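Chains as they are written, first to last, in PDB author numbering: chain S, 1 to 142; chain B, 87 to 582; chain M, 1 to 123, 159 to 220, 238 to 255, 260 to 435; chain A, 9 to 608; chain Y, 349 to 353. Backbone N, C-alpha and C fix where the C-beta goes; we use that ideal spot for every residue, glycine too. Structure record follows, encoded as structure tokens.
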Amino acid sequence: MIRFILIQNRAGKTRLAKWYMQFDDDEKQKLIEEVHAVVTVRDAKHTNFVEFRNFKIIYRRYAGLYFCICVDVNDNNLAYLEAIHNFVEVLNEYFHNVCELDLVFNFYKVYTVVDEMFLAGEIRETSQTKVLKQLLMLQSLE
Amino acid sequence: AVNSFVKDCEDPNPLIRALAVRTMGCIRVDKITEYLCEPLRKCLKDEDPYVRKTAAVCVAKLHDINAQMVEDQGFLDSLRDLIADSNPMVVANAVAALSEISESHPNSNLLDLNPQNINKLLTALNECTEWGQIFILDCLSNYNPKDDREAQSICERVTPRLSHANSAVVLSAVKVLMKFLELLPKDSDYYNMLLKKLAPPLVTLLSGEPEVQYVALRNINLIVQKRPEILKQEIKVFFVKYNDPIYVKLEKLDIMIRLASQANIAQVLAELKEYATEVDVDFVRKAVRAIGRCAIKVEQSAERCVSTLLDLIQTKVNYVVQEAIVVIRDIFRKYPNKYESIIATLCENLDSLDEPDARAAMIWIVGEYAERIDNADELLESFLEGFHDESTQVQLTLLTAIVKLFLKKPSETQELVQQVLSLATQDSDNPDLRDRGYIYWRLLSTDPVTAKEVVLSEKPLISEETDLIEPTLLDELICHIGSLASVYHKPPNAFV
Amino acid sequence: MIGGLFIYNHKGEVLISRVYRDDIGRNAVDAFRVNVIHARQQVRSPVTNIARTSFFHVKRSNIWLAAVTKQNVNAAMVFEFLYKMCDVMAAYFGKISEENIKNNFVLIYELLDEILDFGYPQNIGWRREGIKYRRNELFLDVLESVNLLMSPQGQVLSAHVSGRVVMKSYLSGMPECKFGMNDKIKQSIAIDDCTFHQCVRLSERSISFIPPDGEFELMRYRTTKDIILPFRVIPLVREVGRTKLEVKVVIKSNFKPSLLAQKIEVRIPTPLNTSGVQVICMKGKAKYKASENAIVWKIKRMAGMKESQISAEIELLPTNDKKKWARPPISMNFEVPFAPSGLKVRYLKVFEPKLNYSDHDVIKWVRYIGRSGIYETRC
Amino acid sequence: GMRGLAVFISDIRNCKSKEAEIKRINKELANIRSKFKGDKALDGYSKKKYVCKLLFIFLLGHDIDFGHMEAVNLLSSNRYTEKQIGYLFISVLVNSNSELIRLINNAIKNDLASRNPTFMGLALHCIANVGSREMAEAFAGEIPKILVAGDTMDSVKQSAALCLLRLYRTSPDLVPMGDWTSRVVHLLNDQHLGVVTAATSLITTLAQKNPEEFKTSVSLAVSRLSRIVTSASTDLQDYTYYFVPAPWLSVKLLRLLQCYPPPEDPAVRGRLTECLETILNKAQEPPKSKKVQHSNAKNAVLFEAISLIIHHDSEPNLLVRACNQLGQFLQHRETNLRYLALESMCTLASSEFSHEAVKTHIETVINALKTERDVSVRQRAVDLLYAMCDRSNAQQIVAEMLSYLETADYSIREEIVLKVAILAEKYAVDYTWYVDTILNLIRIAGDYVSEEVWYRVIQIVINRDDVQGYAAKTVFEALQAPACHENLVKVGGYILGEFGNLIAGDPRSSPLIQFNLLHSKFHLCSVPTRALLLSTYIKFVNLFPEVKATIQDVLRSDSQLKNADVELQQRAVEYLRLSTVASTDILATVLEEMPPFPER
Amino acid sequence: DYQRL
């Protein structure tokens, strides 16, 4: 099952982290620096599968973005990679133009979307169109 | 391109020739060496300092790869003869090549140098610049003086050399001359006037960037450990100013300790008093270490520093208390049976032990003054909870302290020594610890009569030896002062 | 010797990289980026070694200078080489900036290929013969830096001056120069120590040479004794309960009354718990800055053998009063038009035997510019 | 829309070095406390903007210390946005409180009695994302009431199922096993595939923990697999990504089946075989979408099918075909394909029917290791060899992997050395070869070996008896090397100091030569090292009084007697005093041969 | 300032 979720830039500024089990802040932050160190040294021509101690990380690039995903040992990785790709697709089609400023200013919207299709460490919703419909109906009311 | 490289090596213009040689010398393939063996012969022999220098560097680069080659040895011989060249740069890069290949070491290295070559390289030193001067200097840190004649002459030859490159060339010269201090201290007094000469240039080097200050300060500390009788009373100068980088501060304090004398007690105590007020943990620890070393150095400082460290003990900061613990252990090892009253305070602040070394110091101390303490037995018994995961050194320290205390007072440590011996003999993955346990089991079961002959024997003092280094290690560093080795304080036998 | 040579900016990316040996790998530069820029453990040494890999680092502007090797070379030579690289960069394109570094690819590559091969540094040598000047003129600049640690009890704790010579010559031919100063060691001063340019000949010791064209530095020297103190600072600290401090600082002008000081800066220490300070100044302007804990009083001009002082009321916030405030020294920064060392130039015998013009054809120009180095008065 | 949050974010984000932002955030902290404590707390825009700003500040890297009851206030509100922001604050900020927990319980139980996806969704999201004890206790049987024989909004059903799964992960003990499985094993056939996914998650967890309750699902789920594997070219494009119909549910049900033994029902097994063959055959034809994601999804389904096959083990021929297909992937162009294929081969090596094929591919594994230039694959192949290790294997394996250690960067060095030691311990045929491998490795790496490995080799040596002389001879032959490591000094000093009697016969290894070598290496030592050397010297004195005069000379130096270290001085005094007597009775008595080390 | 030497 999913341990936690990371989206980071080239420098390493922390915009989003989302956990599912009890964890302290100091270990969380240090994990942030070493996962940053691991991810930042790679490039395009490497398999997106890495193993460290008791966990494994999936991390795909977009322009200048690091999207890091932490899960258990026996989960089906490339399925999660497809899920992340679909996530990026739906975020792109949402704004008609995806950018870092959308993440900065629509953080609550991102929270709602990930809650709408990521809960308790598992995929919740996979259908793009239903997500879009739910988004349209829930953005409507105040 | 290799054929084009040779053709460019045949170009009338020397620049293209040198460019081709330089380009060939950098590529590392199995056949470049044998291929450029023939062109490179007539590039070492050419009507240009540029071409000859480039070909010398390329010979150096050539020998490093795939080149044992008889023609490579002919290259070496031609280069050695080209030491007699009219270009300072050509001979500079030639001797640089020679020194580098001297690192490749089938015991047949450097191949040369004798009085004639010595005069030639003196002339080169006159007529070359920084790089070549350093190459000559560190190449000549390999000669062995036959007698005082040439040593004398070369030392006047080099003494004026407070030169343009300063740090590099000057410290290389210091390397060479420190190597060639073999003459007895009071000769025809070139020795004494050289001793007077050395202080100014050494002082001048503390005025660069903080990093060269650090490098020079490391070197100075090493030399001071080697010889304290050079900067005898310049303790005033190296006082730390309040905006140094911290490492410079630390080693400056170490040198302060190295040079404190009978006149220096007041200034040193004041100095350590303002330095103690700093907030850096390492700074404070080394400062109280310096306090302890000053205490060791003389008796009035001893009593004053004991008083100050007791004050620091009632400051209740744990780590400084443990450092002062180690300090007072050393003091008792040097000046015993004078300050035993502090042991009660130490036992009161015995709950503040969180470091293995300080715990070992308390264990050894309570072992020592078992006659003083009737209560330390219960304390060490409480410390008996951790047999494993308590570091081997602490295990050995508790073992020896307990056995000695039992030797002194067998009436109430019988079951303790049998249980600790059983634990040592039945759980030790440490072979040496198991052997030691067996030794003391076959010793306390033989006679306390001989054990007190062995164990109870008193130990000699320390006599002001703060933070010294192994002699031969220092000597081998005196072979390599200017390089990384001196700063690292550890020989190339640990890094290759 | 040296293999890879890498440079960063403050943002941390690689700017220009060239490796002269097979030993160095990308792991080196990556570890340098992570363990220096991205490591928050600040306290270090200017050099470092990890897993038998030596790293050399220095920061100028916002630019890191990285050098890596495997063998036991001398550090000073490589450091001089790095300084030379930075200085030639500054000479070639002025201010060192990221885009300024970037727009010089061909320059960087040709210089690194020429000046440096496989880690080996490659490069009358100061003046040619065809230099001509119908107006034989030279300029003298006397730059001296004063350093003082001053006690609250009125004694000089430490004093030493670093002095350098700056001269601008424009003369015809191959002038033969003899420098004359009071080297008696009656006007006379003592030279504690001195280092020279390559042109200086050893054979009182006088300087005989042929000067390099234009501006150059003849010699570097240090002075520690018989230094004329530019200023005297009088500290006075008074405690007013737990709410106020009464500190009045008096400074003495220890130079000629005919000499007017310029750009006088006095930094008066105050605790961090200072609730406020009221500034009083009869000369210049006085300011209080609670941020950096200082009182700023600046004096435009104020004559020698004179005195000036500031009346200050330092209002303290009540706090843990048991830990008393450790007073930093009173620091002053200034520029003086005279040399604190006291050096006096007897003459400068410049003769041209080749060309048929006399010494009277030389226009010799001299001025003194003294600067403050470290000038702190403990209180 | 909303502008104030944007203005705030622009203001603080566009700041210089962090000190200026610190003063800015301090001024803003003063402003926000002044607005909250004191002033008028308005309902919608004022406090909404305030709490949004505070949340942005908190996520920026700072802390929020107040406005928690005024954060519960947003939960007790009419508007969707206010409650949503309040939920955001309470979920992101969870501190040690009890009144807050009770108020959250009250609000959640009051809001759950709604009839819209929004409210129950927000409540279930709050429960699942954080979770506490009492809040899970209040809906132990309430969530089932939603999920028994009651159908709500399908997204609401998904949320309830996932929340119950999260609570069971947190509190398996506090989850009843009432008669509600029937509908759970009924709704698997439901059309909505998201509900299918959530139910499959819950069923996977529960059935893998409680096999007995969910045995009914098998036939229905395999029928779902049969219908979904070939449905249409446009069946549920709502749930179809890049021409691939529902890969995730196929993978998930394949994983689901692994909690049970091979199905008994012949129809189920036959339809499963036909379906997997169909999977193979569609994998046969070239991809219908040149974008890689099509291939990724199809190969994901394929690999999960392979996992089902390997766990349940129905067919020998199918296993060999899977091995061949994976082998084809081991040199495939795609790197991720190679990684997943090699992992699946690591799994498949355990299949004894295709283990012969795997063994024939051990050379391919070696080549892929030596051609990777990607690090990870090499230690994965090392793990594969570890799995496939027997005696002869162990032999050629350790040869190749010591070569692959002399080609190793920094760390895989040390842990592969650790497994080399344990593998030699497990598979030692001749103990001379064992110590030979130990010395070869300490030669190759040296710096990164252990402190307990040589403990273990000393234990083995002292327990093996006969090899001790050969071991000592080999050690003495080894230490004559010019470059000498410091740990080699420890091991050689101990072994020779305790067995010098056997080896001193040879003049080249005479006791004189032994002591000469020891005192030569003496100056390359740590303090524990020279303590051990002192102990070996005194034991050597026990071995041969012949050299004792020189020995007595050596430790009599000022450097040792007036040494600045406690334990070294103590050892010197002890050895000097016992050599002073040297009655040869106590000297021999105390210094025995030493009983062999018992095994831990 | 500069003065005539």
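With a cutoff of 8 Å on beta-carbon distance, M/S54 and B/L570 are scored as near each other.
A/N332 is classed as exposed because its beta carbon has fewer than 16 other beta carbons within 10 Å across all chains shown.
For B/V406, the closest of B/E426, B/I429, B/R375 by C-alpha to C-alpha distance is B/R375.
Shown here, M/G332 sits in a strand according to DSSP, grouped into three states. The C-alpha of B/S543 lies about 23 Å from the C-alpha of B/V413.
For the C-beta of S/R124, the chain A residues within less than 8 Å are, from N- to C-terminus, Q166, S167, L170, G202, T205, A206.
Looking only at A/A144, A/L532, A/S591, A/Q522, the smallest Cα-Cα distance to A/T558 is reached by A/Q522.
Nearest Cα to B/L355 within the set B/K383, B/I332, B/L560: B/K383. At a beta-carbon threshold of 8 Å, the residues of chain A lying near B/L482 are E575, ordered along the chain. Rounded to whole angstroms, the Cβ separation of A/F311 and A/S359 is 15 Å, and the two are not in contact under 8 Å.
Selection M/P267, M/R402, M/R33, M/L178 evaluated against M/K238 yields M/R402 as nearest (Cα-Cα). DSSP places B/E268 outside both helix and strand once states are collapsed to three, so it counts as coil. With respect to chain Y, the C-beta atom of M/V422 has a partner C-beta closer than 8 Å. Taking a C-beta cut-off of 7 Å against chain A, the contacting residues of the region 53–77 of chain S are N76, listed in chain order. Straight-line measurement puts the Cα of B/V365 at about 25 Å from the Cα of B/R415.
In the DSSP assignment, the residues bridged to M/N389 are M/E321. Under the Cβ criterion of 8 Å, M/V19 is not counted among the residues facing chain S. Taking all protein chains shown into account, B/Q348 has fewer than 16 neighbouring C-beta atoms within 10 Å of its C-beta and is therefore exposed.
In the structure shown, the three-state DSSP call for M/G270 is strand.
Between M/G340 and M/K354, the CB-CB gap stays under 8 Å. Among the residues facing chain M, B/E297 is included, as its CB has a counterpart in that chain under 8 Å away. Collapsing the DSSP output to three states places M/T48 in a strand. For the pair M/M361 and M/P313, the CB atoms are nearer than the 8 Å cut-off. Contact between S/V90 and S/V131 is confirmed by a C-beta separation of about 6 Å, below the 8 Å threshold. C-alpha of A/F64 to C-alpha of A/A14: approximately 11 Å in a straight line.
Within chain S, the residues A37 have their CB atoms less than 7 Å from the CB of M/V34, given in chain order. Close to M/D30, with beta-carbon spacing below 8 Å, are these residues of chain S in chain order: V41. B/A170 sits exposed, since fewer than 16 C-beta atoms from the chains shown fall within 10 Å of its C-beta. Within 9 Å of the CB of A/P255, the CB atoms of chain S belong to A79, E82, in sequence order along the chain. Listed by position along chain S, the residues whose Cβ is nearer than 8 Å to that of A/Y347 are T47, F49. Of all alpha-carbon atoms in S/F107, S/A37, S/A11, S/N92, the one lying nearest the alpha-carbon of S/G64 is that of S/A11.
In the three-state DSSP reduction, M/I16 falls in the strand class (E or B).
Taking a Cβ-Cβ threshold of 9 Å, the residues of chain B close to M/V58 are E295, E297, in chain order.
Put simply, of S/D102, S/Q29, S/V41 the residue whose alpha carbon is nearest the alpha carbon of M/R33 is S/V41. Setting aside the 5 residues that flank it on each side, B/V137 is surrounded in the same chain by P100, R103, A104, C129, each with a C-beta closer than 7 Å to its C-beta; the list follows chain order. For A/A229, the uninterrupted alpha helix (DSSP H) segment begins and ends at 225–237.
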